[PDB]
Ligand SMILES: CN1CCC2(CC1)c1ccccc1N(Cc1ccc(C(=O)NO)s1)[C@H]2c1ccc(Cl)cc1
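Take a look at this single chain, the form solved without the named molecule, given in structure tokens.
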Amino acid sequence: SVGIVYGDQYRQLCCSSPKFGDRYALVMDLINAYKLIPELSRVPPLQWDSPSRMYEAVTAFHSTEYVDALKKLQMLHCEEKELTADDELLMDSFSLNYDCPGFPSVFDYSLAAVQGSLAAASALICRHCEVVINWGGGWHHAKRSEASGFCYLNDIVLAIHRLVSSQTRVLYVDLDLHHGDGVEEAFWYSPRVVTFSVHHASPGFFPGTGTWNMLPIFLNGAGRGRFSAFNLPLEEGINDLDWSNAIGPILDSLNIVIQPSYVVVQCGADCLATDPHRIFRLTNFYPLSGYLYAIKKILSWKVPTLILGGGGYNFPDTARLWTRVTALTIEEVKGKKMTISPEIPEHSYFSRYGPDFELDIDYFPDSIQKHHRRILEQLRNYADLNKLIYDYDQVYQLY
């Protein structure tokens, strides 16, 4: 069974932010318009017995002080009075400002994603679902005491922490345009959570990590976590095929060597050629979309898997992508063919898919070899540090 997190309240909260507007409603209504919902098990967001149990869950990663400030930020934005100088300074100390502003539902909005992704992890742990999807989750930039990149609470870290505390190894795969720095940092010292981000990196591009660290070198973990954080920064302009060839052997080698108990995939849609960032040239095409190639490969491992959203600022094209990811997950997990019309069906948000109303996005389509050698050596070093049994040449042959 394939689970997916939704709910009426969940939907309201996921649609209450100024940056992401109603993207979540488009995604779930397009999934519904394509008649995928009856194939999927609804996973309800987690709710708690008391404020103390809620704090205990969230502060498994975040500091109490940051959680307190985030809740105060919501309360301050629910009254009319301007913030005081002291409250502005408090908020600045947690980077609750600039690109992570307050708004009337900021705490409930942020928490909802945590509630969704923790319930998703639970459904995998008890074996109710083989795969769970949460298109309201994936907020990989939030840090223990710092908002970042419109990420206020890191639902991924909390879900992964629940998975590993259930020996258990989690492989985290971050397909977002941006480096998954918050998840990487949370598990920097943990060999049991191997993180892998593929992303654009270049001078001045957010958040600035996931690349050569200023012959400069790649940091990759520390302590017993040495060699356990993997990164693949890519030049702008990369298409589906090159991105797929870049990531494919890495994914397979990580699975062979790490043998994860769970995979967690962030599927940020900002690599689409039609995303406003206009950096990568990925598509949602399915004859091949780099996203669908990656997800199909990961699912072919038959490891219990969490699929999360993330970036994606062209809301209809993010819906078009994540609808195909959802249909692909059903087909791969259940072995049951999913036929998706190339035309958007009529539904609530039909007009948002103008002017053509097609499921395809509207787009006419040595460095990587050096990163592969680097990553293969790091993986050898990770296996050597952690005394993992594996065939070197089977792994080497993948590349």
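Throughout, we count residues from 1 along the sequence that is shown.
Keep in mind that the form deposited with the named molecule bound is not shown, yet the notes after this line are about it.
Shown alone, this chain has one stretch from 204-212, 244-252, 83-91, 115-123 that lies within 4.5 Å of the named molecule in the entry with it bound by heavy atoms: 204-212. The partner is absent here, but in the entry with it bound a heavy atom of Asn231, alone among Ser289, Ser228, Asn231, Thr323, sits within 4.5 Å of the named molecule. When the named molecule is considered in the entry with it bound, only one residue from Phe285, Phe107, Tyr293, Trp188 comes within 4.5 Å through any heavy atom, namely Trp188.
Each of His179, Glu184 and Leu219 comes within 4.5 Å of the named molecule in the entry with it bound, counting any heavy atom.
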